[PDB]
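Undergrad: Submitted below is the structure of interest, expressed as structure tokens.
Backbone-built Cβ (ideal geometry, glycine too); neighbour counts: all protein chains shown. Basis: the model, the stated rules and, where named, an outside source; no laboratory instrument gave them.
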Amino acid sequence: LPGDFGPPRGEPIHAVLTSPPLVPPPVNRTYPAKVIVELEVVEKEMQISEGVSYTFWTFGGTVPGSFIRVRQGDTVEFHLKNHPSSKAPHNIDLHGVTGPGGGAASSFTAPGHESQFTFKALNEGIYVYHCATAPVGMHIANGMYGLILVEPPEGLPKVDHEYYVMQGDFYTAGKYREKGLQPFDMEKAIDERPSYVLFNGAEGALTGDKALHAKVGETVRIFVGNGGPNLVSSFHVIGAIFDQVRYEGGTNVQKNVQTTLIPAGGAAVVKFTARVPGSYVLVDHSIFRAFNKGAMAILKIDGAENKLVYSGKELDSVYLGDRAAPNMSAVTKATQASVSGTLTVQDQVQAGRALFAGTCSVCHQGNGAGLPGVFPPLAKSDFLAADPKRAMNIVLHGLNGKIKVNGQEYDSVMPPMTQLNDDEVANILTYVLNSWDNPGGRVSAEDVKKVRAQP
Amino acid sequence: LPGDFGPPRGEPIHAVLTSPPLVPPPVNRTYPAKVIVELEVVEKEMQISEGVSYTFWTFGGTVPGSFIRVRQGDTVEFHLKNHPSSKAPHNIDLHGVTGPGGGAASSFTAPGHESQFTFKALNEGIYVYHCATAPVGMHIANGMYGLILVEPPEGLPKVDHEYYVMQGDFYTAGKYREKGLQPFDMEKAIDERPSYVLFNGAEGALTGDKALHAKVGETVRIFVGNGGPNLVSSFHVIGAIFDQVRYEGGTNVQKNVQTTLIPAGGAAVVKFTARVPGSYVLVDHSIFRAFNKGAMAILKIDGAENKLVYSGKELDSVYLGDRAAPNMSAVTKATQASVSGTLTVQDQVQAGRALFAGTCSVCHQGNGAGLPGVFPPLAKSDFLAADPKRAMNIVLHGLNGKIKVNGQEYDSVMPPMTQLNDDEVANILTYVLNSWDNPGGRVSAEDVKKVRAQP
Amino acid sequence: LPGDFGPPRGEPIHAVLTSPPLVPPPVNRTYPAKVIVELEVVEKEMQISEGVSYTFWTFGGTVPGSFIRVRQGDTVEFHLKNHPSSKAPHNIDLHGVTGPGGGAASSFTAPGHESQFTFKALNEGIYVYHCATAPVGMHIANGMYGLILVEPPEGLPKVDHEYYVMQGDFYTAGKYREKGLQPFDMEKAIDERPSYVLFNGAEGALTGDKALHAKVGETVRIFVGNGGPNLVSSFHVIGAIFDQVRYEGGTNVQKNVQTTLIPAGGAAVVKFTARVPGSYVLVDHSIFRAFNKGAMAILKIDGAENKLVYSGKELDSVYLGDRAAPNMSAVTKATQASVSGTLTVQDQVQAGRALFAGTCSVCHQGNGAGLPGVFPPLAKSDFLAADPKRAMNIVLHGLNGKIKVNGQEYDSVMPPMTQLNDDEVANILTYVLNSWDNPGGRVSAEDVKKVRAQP
Ligand code: HEC
Ligand code: HEC
Ligand code: HEC
Ligand SMILES: [Cu+2]
Ligand SMILES: [Cu+2]
Ligand SMILES: [Cu+2]
Ligand SMILES: [Cu+2]
Ligand SMILES: [Cu+2]
Ligand SMILES: [Cu+2]
């Protein structure tokens, strides 16, 4: 067989697993070992987006699950524990395992129980692992996937940084960014119509202050998984190129590409060399996923500009939208204040401030000034002040035709933004009303609900 | 040109075609020949799933159609007959043919007619063929696709087994597993929302007693097609790796991968070496296809276990669900008994028995015992017996909160299983009621229809 | 860095850009230059299909946008102008650019404004460029994408012809071929449910009299892009093979394949050698895209037939449907006559004539004769003449069972053709009624609207 390096030698190794986006250190070993892997399934509520909760099912408390790193030819003793708070039984199928179900039948584990099985890691490569319990798609859709790396015997080449990024598609009963605890939606899942498509389990998991980091001149290796359950990722780095892309344990290595297709259940190792400073965006280039469903992550590169290579400015909210900022924590706070019944005007203002970026500022500008004759001002806008309800209708339903704002005629078109949720429109408009010498007051989500029900 | 080996020599060969999942023998020939291929289109009703009929349109009576095997440089005289019972005209486009439409204009054949055309097989490779008659998508969706292999002049390397597997997506008016003769649904097809995604034309075509077979140490070559019409397959083998994957006649060969993307209309040759015994599952790893729409096939490997490579057990119904068993023939029989108006309790029981596997047994166990305090028993369940209608509501709509069953408190969550059809819920519950010292009686599909209409 | 060929030398070059499907000449240069690229965004209404208008947003007045061709190591000074008639601001992200956003932040351009930025072309390859303005998906869905080629320093190998083809998916409020100015539909876009999937911006952009051309024995290179926004293309040439397929600037080159997956936002260079005459169809082999949504383009090859390679006939309306003809201009004219209120019978007849090809002629024949006993005649049909309204119901809702037509019994099935729009059914039936000694008269779209509302 392949990976024929003999029986385990040395002492048993207890594998140290890491949480995304980090990776365990290189195994740095020239002999096969017995490696004991202990992974615990935990079901728990986490934020899939700001103010939006979801009951995740996780390997090790995170989505994706703990990263496992071993060497080709190791004997792996795999222990799966199912936390007693779990409602469902769980198990594991590891790609790269030689044997039926990738471990599935022997790792079946009821809540409060533990299972174990052993396998030899014959196949070098990066591999998805995932739950394999009926109904399988639900378990995977709830977050039960991660990566296992089986290193070549000599190790991978040294790089400056290694990161762990995994795409998944998620199916909520509610629409994108609709607040509250969102149940899983089987109808959307069967139809392959996800409400969110995400890197590492949440909107903004890898953006803003949670971005990945490197410096100019450094090499970055990223272990990229696609947990699915359903989507194939047109995986792409904005403004950069991959030096190498290698799928699973494949002999083929592609070089110098920017866009690469990762199958559902697939994994790849990609290598990047940072050449100029700024934010490089990892996306699924099925564009509505990246820009309307959350499928964007950032590798932020620090260092000296090189104007001979690129003269332009850093990425901003025109492209990245409301994820250009460090975080959108004001939205979480406003949502929690609504639930508690303590929503203040300032809670709404700060939430709207976060949501205004990109969404409105692309045309109206970050300072509300617009562009005279082309985009009308929201700053000190007589048209806004004159009719707040008309403003709600404008956001939801658009506006066109000749209007007069602060003494100037506009004759253009603002598209409808009907996908904004009632709280989002309310908070945005409350921000605008309380900025730029506008009259203050507030708009409530209930106000917006009524305007949505009858244009 | 390529395949420039001269005019046909020897005698004309009448091609012997094979039905899936078998393949004709290697051509074992060192000279170009004239090869006469005769293929007949037949439209006919077959079972797409147990108790579910569909009007297939087929090349040679099967889906996929008869496998055609020739040598690069052969001159192929292709005869297409359209059976007189056909309602539609038909034709053929063979990928790998050099010429407009891949044969489409010259192979147009009305019902009861025959056509013929000739082409030189210049391009070595594995290729999809399919109908090319307006409306093309309908013809393909109804099953009109297969594979043609054009061998390299020296032949392919010898292997122990060769098999023929083709994915297709199907569009029925009714939902998945809704019984009866199901018409084609154009609205679902245009939207690329299939009701079934299948290997070789039917649910379970390649599972259970219809599994593919090999022995430990043997090599298996599988000719894999994706007839579409629409889907791209994240093609994957559970618990194994492909030694090689080669697309069509491509010069590139990938090695040591487990997951590979096959385009709509694409074909690949994959090679597997059996290392340990058990069931290896071929899936489309867009998981809801494999586990909710039928996209799973089995290669069952016989031989001695190797505990140093894999210590675990064979695949079971936890992962494979109700396809772990040899067949689900009881469902076909119960469905036919309903149509005839002769449905007995025992017909329902045996049908429910088949459907209970995986679907319910993952939590409640194959013996109905559950797990005390975690999953409540269905065996001798006082809670079940106390209210049969409540049991129908539980399957359809779920259950949560504190309950008492056989003197023990449970405080967990059973998800809804709303996608089960009325007959499936009726048969499952009838099985349960007539097992494990439960009180007997029956539930009817009409009972379930009423509970579905008002929770 | 890569592309380290020194500072620009010689004189500044003003790039000459080309409109699809043409490509600028090879740069034919052995030194790095400064290349000044000037591109103007124009928003405008164009025909997405005959009688169907759409407001496209374009780079340079076309979809896809102007082709840009430079050499690896060039310094590119990129000027983006936004025409003053524009309603939206725009910018550009060029794949292959080294730097954040691929130019996005520095190329933000309000209506009536100009922006510029500079970059060094370090990466050789074919690359998509596209708008990068919030909401990004809308901008791209409206047509804002094209290709930039960065040649290797020695140039690409000489070929006889070079062409430029780009797929995109489009989202209209109305259904496929529903006439009028069609707004963009955000709901369909987010769900990845396009109404049209097109090469180069329109149905028939590259079919009939707008086909690409070459001669037997010549080599054709095609720069193929997938602008998306959302779909992955199972890109395929009917009846031919690609000698080479190279993605972006990748080191891997695949050879001798017919079907290849192009990611959303991906681009490839493919090479074809014409071997026999006829029409070769480029499609997205997700078949319902190619045959029901418009994703088909033609490379028409002139030259001597070779019966030893292919004995069959040229592609016709059986496969290609109504795109077999030179154009469908009669449909545009009938649609415009309806809007103006001047629709004549002959306008309808000529429009129906175009629409009858494939759609009806596959069974009923181009001369309406049918096939006695199998497909009934529309020529001098007593059954048609006897009840025009029944004919509308037949097209919309199908027909089966025993009928008598011109003294002969038929007992077959004509499927419903419910996806035909009211004007299409009206025009088809008006064509039939005014042909083949049928009684004349006309059917109106309003007639058909009433039959659709109640079968
Ligand atoms: C460009 C693509 C825009 C985006 C994004 C948003 N708005 Fe807009 N807005 C835009 C135009 C071209 C116009 C004038 C339309 C016309 O008929 O000429 C408007 C108008 C408004 C108004 C009314 C006018 C004013 O007071 O200046 C309001 C209150 C407004 N827009 C608000 C608004 C908000 C809150 C947005 C984000 C949610 C937003 N707009 C986005 C162009 C564009
Ligand atoms: C785990 C994922 C389950 C699957 C699959 C099925 N059931 Fe279940 N069931 C489950 C739990 C955790 C509970 C208790 C819920 C609570 O509120 O604590 C139940 C309960 C039932 C009952 C009622 C209790 C009893 O009699 O034991 C019935 C009748 C029942 N379940 C039936 C049932 C059937 C027929 C299933 C397959 C279709 C099935 N369940 C699946 C957990 C799970
Ligand atoms: C084959 C796939 C067909 C296509 C495409 C179209 N028609 Fe058809 N038609 C077909 C059959 C097999 C039948 C007879 C059905 C039966 O019950 O046996 C018909 C019938 C008609 C009729 C009525 C009979 C007649 O006058 O000949 C009409 C008026 C008719 N069909 C029209 C029609 C048109 C306009 C079509 C294109 C839009 C068309 N048919 C497509 C088979 C097929
Ligand atoms: Cu699980
Ligand atoms: Cu898997
Ligand atoms: Cu056919
Ligand atoms: Cu094809
Ligand atoms: Cu734009
Ligand atoms: Cu891009």
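Undergrad: Go through region B:277-289 and count every residue that is assigned to a loop (DSSP other than H, G, I, E, B) and either surrounded by fewer than 24 Cβ atoms within 10 Å (Cβ to Cβ) or in contact with a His (Cβ under 6 Å, 6 or more places away or on another chain) (or both).
TA: Total meeting the criteria: 2.
Undergrad: For C:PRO64, are the conditions met, namely being surrounded by 20 or more Cβ atoms within 10 Å (Cβ to Cβ), away from ligand 2 (no atom under 16 Å from the Cβ), within 12 Å of chain A (Cβ to nearest Cβ) and under 27 Å from C:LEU122 (Cβ atoms)?
TA: no
Undergrad: Can you name every residue in region B:327-350 that is farther than 15 Å from B:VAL425 by Cβ, among the aliphatic types (A, V, I, L, M) and over 20 Å from the mean Cα position of the chain (by Cα)?
TA: Correct list: B:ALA337, B:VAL339, B:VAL345.
Undergrad: Out of all the residues in region A:118-139, is one or more within 16 Å of ligand 2 (Cβ to nearest atom) and at positive phi?
TA: no
Undergrad: Can C:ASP411 be described as loosely packed, with under 15 Cβ neighbours inside 10 Å and either in contact with a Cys (Cβ under 9 Å, 6 or more places away or on another chain) or part of a loop (DSSP other than H, G, I, E, B) (or both)?
TA: No; evaluated as a whole, the condition is false for this residue.
Undergrad: State the number of residues belonging to region B:361-394 that are within 11 Å of another protein chain (Cβ to nearest Cβ) and either more than 7 Å from ligand 2 (Cβ to nearest atom) or surrounded by fewer than 18 Cβ atoms within 10 Å (Cβ to Cβ) (or both).
TA: Residues flagged as within 11 Å of another protein chain (Cβ to nearest Cβ) and either more than 7 Å from ligand 2 (Cβ to nearest atom) or surrounded by fewer than 18 Cβ atoms within 10 Å (Cβ to Cβ) (or both) within region B:361-394 amount to 6.
Undergrad: Tell me which residues, restricted to region A:371-389, are in contact with a strand residue (DSSP E or B) (Cβ under 7 Å, 6 or more places away or on another chain) and over 21 Å from C:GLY112 (Cα atoms).
TA: A:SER381, A:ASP382, A:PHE383
Undergrad: Something else: Mind checking which residues of region B:295-319 are outside any strand (DSSP E or B) and at the interface with chain A (Cβ under 8 Å from one of its Cβ atoms)?
TA: B:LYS307, B:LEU308, B:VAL309, B:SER311, B:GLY312, B:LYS313, B:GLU314, B:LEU315, B:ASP316, B:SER317, B:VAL318, B:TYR319
Undergrad: Something else: Out of A:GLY321, A:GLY303, A:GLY278, which single residue is out of contact with any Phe, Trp or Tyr (no Cβ under 6 Å at 6 or more places or on another chain), within 16 Å of ligand 1 (Cβ to nearest atom) and in contact (Cβ under 8 Å) with a residue 12 or more places away in the chain?
TA: So the residue among A:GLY321, A:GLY303, A:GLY278 that is out of contact with any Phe, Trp or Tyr (no Cβ under 6 Å at 6 or more places or on another chain), within 16 Å of ligand 1 (Cβ to nearest atom) and in contact (Cβ under 8 Å) with a residue 12 or more places away in the chain is A:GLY321.
Undergrad: Turning to a different aspect of this structure: Exactly one of (1) in a strand (DSSP E or B); (2) more than 7 Å from every other protein chain (Cβ to nearest Cβ); (3) in contact with a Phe, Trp or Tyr (Cβ under 8 Å, 6 or more places away or on another chain) is unmet by B:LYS188. Its number?
TA: Exception for B:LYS188: condition (1).
Undergrad: In region A:78-99, how many residues are more than 7 Å from chain B (Cβ to nearest Cβ), touching a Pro at 6+ places or on another chain (Cβ under 9 Å) and not in a strand (DSSP E or B)?
TA: Number of matching residues: 5.
Undergrad: Can you confirm whether region A:128-139 contains a residue that is over 25 Å from the mean Cα position of the chain (by Cα) and away from ligand 1 (no atom under 16 Å from the Cβ)?
TA: Within region A:128-139, one or more residues are over 25 Å from the mean Cα position of the chain (by Cα) and away from ligand 1 (no atom under 16 Å from the Cβ).
Undergrad: If you don't mind, there's one more thing I want to ask. In region C:230-276, how many are assigned to a loop (DSSP other than H, G, I, E, B) and within 23 Å of the chain's Cα centre (by Cα)?
TA: Of the residues in region C:230-276, 13 are assigned to a loop (DSSP other than H, G, I, E, B) and within 23 Å of the chain's Cα centre (by Cα).
Undergrad: Select, from B:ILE126, B:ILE140, the only residue that is assigned by CATH to the domain that holds B:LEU22, β-branched (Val, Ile, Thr) and assigned to a helix (DSSP H, G or I).
TA: Just a single option satisfies the conditions, and that option is B:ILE140.
Undergrad: Same structure, new question: Can you find, within region A:123-134, the residue that is nearest to A:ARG246 (Cα to Cα) among those that are of a type outside the set (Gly, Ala, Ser) and at the interface with chain B (Cβ under 7 Å from one of its Cβ atoms)?
TA: Only one residue fits best here, namely A:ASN123.
Undergrad: Now for a separate question. Listed residues A:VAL339, A:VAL331; which is away from every other protein chain (no Cβ under 14 Å) and in contact with a helix residue (DSSP H, G or I) (Cβ under 9 Å, 6 or more places away or on another chain)?
TA: A:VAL331
Undergrad: Within region A:197-219, restricting attention to residues that are polar (S, T, N, Q) and within 19 Å of A:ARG289 (Cβ to Cβ), which residue is surrounded by the most Cβ atoms within 10 Å (Cβ to Cβ)?
TA: Once the filter is applied, the top-ranked residue is A:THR207.
Undergrad: Taking region B:112-131, which residues are away from ligand 7 (no atom under 16 Å from the Cβ) and among the aromatic types (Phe, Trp, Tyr)?
TA: Residue satisfying the conditions is B:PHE117 alone.
Undergrad: I'd like the residue in region C:395-422 that is within 14 Å of chain B (Cβ to nearest Cβ) and in contact with a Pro (Cβ under 6 Å, 6 or more places away or on another chain) and, out of all such residues, is nearest to ligand 6 (Cβ to nearest atom).
TA: C:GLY398
Undergrad: Taking into account only those residues within region A:223-257 that are in contact with a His (Cβ under 9 Å, 6 or more places away or on another chain) and more than 7 Å from every other protein chain (Cβ to nearest Cβ), which is surrounded by the most Cβ atoms within 10 Å (Cβ to Cβ)?
TA: Among those residues, the one meeting the criterion is A:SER233.
Undergrad: Scan the strands (runs of 3 or more DSSP E) fully inside region A:1-77 and keep the ones with 2 or more residues being over 24 Å from A:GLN116 (Cα atoms) and in contact (Cβ under 8 Å) with a residue 40 or more places away in the chain.
TA: Fully inside region A:1-77 and qualifying: A:34-49, A:52-59.
Undergrad: For region A:100-122, how many residues are facing chain B (nearest Cβ under 7 Å), out of contact with any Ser or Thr (no Cβ under 6 Å at 6 or more places or on another chain) and surrounded by 22 or more Cβ atoms within 10 Å (Cβ to Cβ)?
TA: Residues in region A:100-122 being facing chain B (nearest Cβ under 7 Å), out of contact with any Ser or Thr (no Cβ under 6 Å at 6 or more places or on another chain) and surrounded by 22 or more Cβ atoms within 10 Å (Cβ to Cβ): 8 in total.
Undergrad: Now for a different question. What is the one condition in (1) more than 30 Å from A:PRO135 (Cβ to Cβ); (2) surrounded by fewer than 18 Cβ atoms within 10 Å (Cβ to Cβ) that A:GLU38 does not satisfy?
TA: Of everything listed in (1) more than 30 Å from A:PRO135 (Cβ to Cβ); (2) surrounded by fewer than 18 Cβ atoms within 10 Å (Cβ to Cβ), A:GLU38 misses just condition (1).
Undergrad: On the given criteria, is B:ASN292 surrounded by fewer than 24 Cβ atoms within 10 Å (Cβ to Cβ), under 24 Å from B:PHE56 (Cα atoms) and within 14 Å of chain A (Cβ to nearest Cβ)?
TA: yes
Undergrad: Only one of (1) more than 10 Å from chain C (Cβ to nearest Cβ); (2) part of a loop (DSSP other than H, G, I, E, B); (3) within 16 Å of ligand 6 (Cβ to nearest atom); (4) of a type outside the set (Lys, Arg) is not met by B:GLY146, so which one is it?
TA: That leaves (2) as the condition not met.
Undergrad: If you take the residues in region C:149-172 that are touching an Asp or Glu at 6+ places or on another chain (Cβ under 9 Å) and outside any strand (DSSP E or B), which one is surrounded by the most Cβ atoms within 10 Å (Cβ to Cβ)?
TA: C:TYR171
Undergrad: Ok, one more. Mind telling me which of the residues B:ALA325, B:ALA354 ends up being touching a helix residue (DSSP H, G or I) at 6+ places or on another chain (Cβ under 7 Å) and either within 16 Å of ligand 8 (Cβ to nearest atom) or part of a helix (DSSP H, G or I) (or both)?
TA: Going through B:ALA325, B:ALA354 in turn, just one is touching a helix residue (DSSP H, G or I) at 6+ places or on another chain (Cβ under 7 Å) and either within 16 Å of ligand 8 (Cβ to nearest atom) or part of a helix (DSSP H, G or I) (or both): B:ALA354.
Undergrad: Shifting gears a bit: Assuming A:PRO194 fulfils every condition listed in (1) within 17 Å of the chain's Cα centre (by Cα); (2) under 26 Å from A:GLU40 (Cα atoms) apart from one, which condition is it?
TA: (2)
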